Student: 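So that we are looking at the same thing, I have put the structure below in structure tokens.
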Amino acid sequence: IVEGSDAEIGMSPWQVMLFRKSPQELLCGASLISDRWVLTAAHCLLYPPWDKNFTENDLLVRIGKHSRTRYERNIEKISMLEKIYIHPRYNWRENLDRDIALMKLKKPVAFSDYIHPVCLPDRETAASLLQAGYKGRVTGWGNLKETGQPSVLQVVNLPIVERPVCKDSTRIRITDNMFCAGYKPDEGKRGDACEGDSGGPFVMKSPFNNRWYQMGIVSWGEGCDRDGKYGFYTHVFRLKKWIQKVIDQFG
Amino acid sequence: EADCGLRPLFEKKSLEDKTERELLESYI
Amino acid sequence: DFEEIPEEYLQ
Ligand SMILES: COc1ccc(S(=O)(=O)N[C@@H](CC(=O)NCc2ccc(C#N)cc2)C(=O)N2CCC[C@H]2C(=O)NCc2cc(Cl)ccc2CN)cc1Cl
Ligand SMILES: *[C@@H]1O[C@H](CO)[C@@H](O)[C@H](O)[C@H]1NC(C)=O
Ligand code: NA
Ligand code: NA
């Protein structure tokens, strides 16, 4: 996260760290959506241009974390993966269209003060909140700058951007399955996700029921926090039919 | 689940985090 | 660099 701040304890209890077994290292962010299911970006697991194609046994998920590097004894819980599901129409070739994946844990995780699931939006909440100017929150342990790394979880609040502005910021073909967020050059304030924040949640707090909803997944950006560029997020609601199909069929 | 999106250390205790008001204020 | 995690999780 670029130009963010340290998270408060328990501020994002759905935050998950995707952790490589060997060598032991951060792979990505992710989020907890139930006691058995974790949501992330497909490119965290499958990205052929970089020779990335992880299998279940390659990975761990660490839940309830705050420190990036410490083993947080008595607080974090570490889980093995039963199965990975990647969206069948995930477009890693062109533009990361449908950049979404689910991971089923081998065993349910116990909720605590530091571990708790985020809500997924229904159609109405998506329609109400996914509007230009409305702000969401992005969290992660990724790089602090494009070109170092944080001691603890970072947080930044960012406004959703008008679709035509998103489109005009890039040569990449944008789709309805993405939205973009970030400040404009003229707005002064700044901030963005960066490398290592991939797969983490873009969340919004509903003013209707005071619950946090995951509206986006950290997907891509041309660099990090560049003027005139924006961060692009997987549109969780647009892909929810797939999410529900996977959970209903395999869980 | 029934309890999704309500944080034990915040919503469940009626405590606010330091910047959530920024989000609320943007929801015009 | 990361603090080592309990071996039980690597098994
Ligand atoms: C297959 O689809 C893509 C393939 C590449 C790129 S990209 O080159 O623009 N960004 C890529 C890689 C990158 O940043 N190259 C360094 C770079 C520096 C300057 C410019 C300019 N002008 C362009 C690229 C990226 O974000 N990728 C490639 C695969 C994973 C994803 C990623 O890093 N996501 C994390 C992320 C997420 C968000 Cl929301 C914001 C920033 C970032 C970090 N760039 C976008 C798409 Cl949609
Ligand atoms: C990635 O890994 C799987 C299984 O190891 C393999 O079958 C597949 O062909 C690879 N490439 C993909 C899914 O694009
Ligand atoms: Na364009
Ligand atoms: Na920018």
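In the text below, chain A, chain B and the rest are named by the order of the sequence lines, each starting its count at 1. Both counts, for ligands and for their atoms, begin at 1 and track the order of listing.
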Student: Considering only the protein, which heavy-atom contact is closest to atom 14 (O) of ligand 2, and what is its distance?
Tutor: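 Minimum-distance protein heavy atom for atom 14 (O) of ligand 2 reads A:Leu46 CD1, 3.8 Å.
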Student: So which bit of A:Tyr47 gets within less than 4.0 Å of ligand 1, heavy atoms only: side chain, backbone, both or neither?
Tutor: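 It is the side chain that touches ligand 1; the backbone stays farther off.
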Student: Enter the distance from B:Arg7:CZ to A:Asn210:CG here, rounded to the nearest 0.5 Å.
Tutor: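 Spacing of CZ (B:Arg7) from CG (A:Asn210) equals 10.5 Å.
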Student: Taking the six-membered ring for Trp, are A:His235 and A:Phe237 parallel (under 30°), tilted (30 to 60°) or perpendicular (over 60°)?
Tutor: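 It falls in the tilted class, 30° to 60°.
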Student: Give the numbers and elements of all ligand 1 atoms closer than 4.0 Å to a heavy atom of A:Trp92.
Tutor: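 Atoms satisfying the 4.0 Å criterion: 1 (C).
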Student: Does A:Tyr114 use its side chain to pair, donor to acceptor, with the backbone of A:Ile63 at less than 3.5 Å?
Tutor: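 Looks like no, no N/O pair under 3.5 Å.
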Student: Of the backbone atoms (N, CA, C, O) and the side-chain heavy atoms from C-beta on, which set of A:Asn91 has a member under 4.0 Å from an atom of ligand 1: side chain, backbone, both, or neither?
Tutor: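 Looking at A:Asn91 and ligand 1, no heavy atom falls under 4.0 Å.
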Student: What residue and heavy atom of the protein are closest to atom 2 (O) of ligand 1, and at what distance?
Tutor: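 Closest protein heavy atom to atom 2 (O) of ligand 1: A:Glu94 O, 3.3 Å.
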Student: Output the distance between atom CG (A:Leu45) and atom CH2 (A:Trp92), rounded to the nearest 0.5 Å.
Tutor: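 Taking CG in A:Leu45 and CH2 in A:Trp92, the distance rounds to 15.0 Å.
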Student: Show the atoms of ligand 1 that are less than 4.0 angstrom away from any heavy atom in A:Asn95.
Tutor: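 Once the distances to A:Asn95 are compared, the set is 1 (C), 2 (O), 47 (Cl).
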Student: Going by the atom numbers of ligand 1, which of them fall below 4.0 Å from some non-hydrogen atom of A:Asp192?
Tutor: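 Those qualifying, in numeric order: 40 (C).
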Student: Quick one: which of A:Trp220, A:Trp50, A:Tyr230 has a heavy atom closest to atom 28 (C) of ligand 1?
Tutor: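 Comparing heavy atoms across A:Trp220, A:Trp50, A:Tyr230, the nearest one to atom 28 (C) of ligand 1 lies in A:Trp50.
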Student: Could you see which bit of A:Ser219 sits under 4.0 Å from ligand 1, with heavy atoms only: side chain, backbone, both or neither?
Tutor: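 Answer for A:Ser219: backbone.
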Student: N/O/S of A:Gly221 less than 3.0 Å from the Na ion (ligand 4)?
Tutor: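 No.
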Student: Relative to atom 30 (C) of ligand 1, which among A:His43, A:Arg173, A:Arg226, A:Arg93 owns the nearest non-hydrogen atom?
Tutor: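 Residue with the shortest heavy-atom distance to the ligand atom: A:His43.
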Student: Look at atom 7 (O) of ligand 2 and say whether a protein heavy atom is found at less than 4.0 angstrom from it.
Tutor: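 Given the 4.0 Å cut-off, atom 7 (O) of ligand 2 does not count as touching protein heavy atoms.
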Student: Angle class for the A:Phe179/A:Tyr233 ring planes (parallel below 30°, perpendicular above 60°, tilted otherwise)?
Tutor: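 A:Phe179 and A:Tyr233: parallel rings.
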Student: So which atom in A:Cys44 and which in A:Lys52 form the shortest heavy-atom distance, rounded to 0.1 Å?
Tutor: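 That closest heavy-atom pairing would be O-CD, 3.6 Å.
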Student: Pick one of side chain, backbone, both or neither for how A:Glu222 approaches ligand 1, counting any non-hydrogen atom pair under 4.0 Å.
Tutor: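 It is both backbone and side chain that touch ligand 1.
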Student: Note the single closest protein heavy atom to atom 35 (C) of ligand 1, along with its residue, its atom name and the distance in Å.
Tutor: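 Its nearest protein heavy-atom neighbour is A:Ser198 OG, 3.2 Å.
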Student: Which atoms of ligand 1 have any heavy atom of A:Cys224 under 4.0 Å away?
Tutor: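 So the answer, numbered in order with elements, is 43 (C).
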Student: Which heavy atom in A:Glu162 sits nearest to a heavy atom in A:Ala132, and how many Å separate them?
Tutor: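 In terms of heavy atoms, the two residues are closest at CG-CB, 3.5 Å.
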Student: Going by the order shown, which atoms of ligand 2 are within less than 4.0 Å of some heavy atom of A:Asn53?
Tutor: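 This gives 1 (C), 2 (O), 3 (C), 8 (C), 10 (C), 11 (N), 12 (C) as the contact atoms.
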Student: Could you tell me whether B:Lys12 and A:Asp113 make a salt bridge, using a distance below 4.0 angstrom between a side-chain N and a carboxylate O?
Tutor: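 Looking at B:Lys12 and A:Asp113, the cut-off is not met.
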Student: Can a side-chain donor-acceptor contact be found between A:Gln15 and A:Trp141 if the only test is distance below 3.5 angstrom?
Tutor: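 No pair is found: no donor N or O on one side chain lies under 3.5 Å from an acceptor on the other.
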Student: Would atom 47 (Cl) of ligand 1 count as contacted, meaning some protein heavy atom under 4.0 Å?
Tutor: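 Answer yes: something from the protein, a heavy atom, is under 4.0 Å.
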Student: Which pair of non-hydrogen atoms, one from A:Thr40 and one from A:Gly199, has the smallest distance, and what is that distance?
Tutor: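 Heavy atoms only, the tightest pair is OG1-CA, 3.5 Å.
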Student: Considering only heavy atoms, which of A:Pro49, A:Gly223, A:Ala181, A:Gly228 lies nearest to atom 24 (C) of ligand 1?
Tutor: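 Heavy atom nearest to atom 24 (C) of ligand 1 belongs to A:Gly223.
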Student: Heavy atoms of the protein only: does one fall short of 4.0 Å from atom 4 (C) of ligand 2?
Tutor: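 Neighbour list for atom 4 (C) of ligand 2 is empty of protein heavy atoms (cut-off 4.0 Å).
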Student: Among protein heavy atoms, which lies nearest atom 11 (C) of ligand 1, and at what distance?
Tutor: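 Looking at atom 11 (C) of ligand 1, the protein heavy atom closest to it is A:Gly221 O, 3.9 Å.
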Student: Which atoms of ligand 1 have any heavy atom of A:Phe232 under 4.0 Å away?
Tutor: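 The list of qualifying atoms is 39 (Cl).
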Student: Closer than 3.5 angstrom, by distance alone: can the side chain of A:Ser169 be matched with the main-chain N or O of A:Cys166 as a donor-acceptor pair?
Tutor: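 Indeed, once roles are kept as given, a pair shorter than 3.5 Å links the two residues.
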Student: Which atoms form the tightest heavy-atom contact between A:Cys224 and A:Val2, and what is the distance?
Tutor: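 Shortest heavy-atom contact: CB-CG2, 3.9 Å.
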Student: Heavy atom under 4.0 Å from ligand 1: found in A:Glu146's side chain, backbone, both, or neither?
Tutor: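 A:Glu146 to ligand 1: side-chain contact only, backbone stays beyond 4.0 Å.
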Student: Kindly compute the distance separating CZ (A:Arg36) from NZ (A:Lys107), expressed to the nearest 0.5 Å.
Tutor: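 Reported to 0.5 Å precision, the distance equals 11.5 Å.
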Student: Test A:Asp97 against every option in A:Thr175, A:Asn91, A:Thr234 by the side-chain hydrogen bond (donor to acceptor under 3.5 Å, both in side chains) rule and name the one that passes.
Tutor: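 So, applying the side-chain hydrogen bond (donor to acceptor under 3.5 Å, both in side chains) to A:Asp97 and each of A:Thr175, A:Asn91, A:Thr234, only A:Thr175 qualifies.
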Student: Enter the distance from A:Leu153:CG to A:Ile9:CD1 here, rounded to the nearest 0.5 Å.
Tutor: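 The CG atom of A:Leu153 sits 9.5 Å away from the CD1 atom of A:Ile9.
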Student: Consider every N or O of A:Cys194 and every N or O of ligand 1, then say whether any pair is closer than 3.5 Å.
Tutor: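 No.
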Student: Are any of the protein's heavy atoms under 4.0 angstrom from atom 6 (C) of ligand 1, yes or no?
Tutor: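 For atom 6 (C) of ligand 1 the answer is no, since every protein heavy atom stays at 4.0 Å or beyond.
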Student: Tell me whether the centres of the aromatic rings in A:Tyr85 and A:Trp37 are closer together than 6.0 Å.
Tutor: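 Yes: the rings meet the under 6.0 Å criterion.
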Student: Just jot down the ligand 1 atoms closer than 4.0 angstrom to any heavy atom of A:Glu195, in number order.
Tutor: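 Result: 43 (C).
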Student: Within the protein, is there a heavy atom lying under 4.0 Å from atom 9 (O) of ligand 1?
Tutor: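 There is a protein heavy atom less than 4.0 Å from atom 9 (O) of ligand 1.
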Student: Is A:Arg226 close enough to the Na ion (ligand 4) to have an N, O or S atom under 3.0 Å?
Tutor: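 Coordinating: yes.
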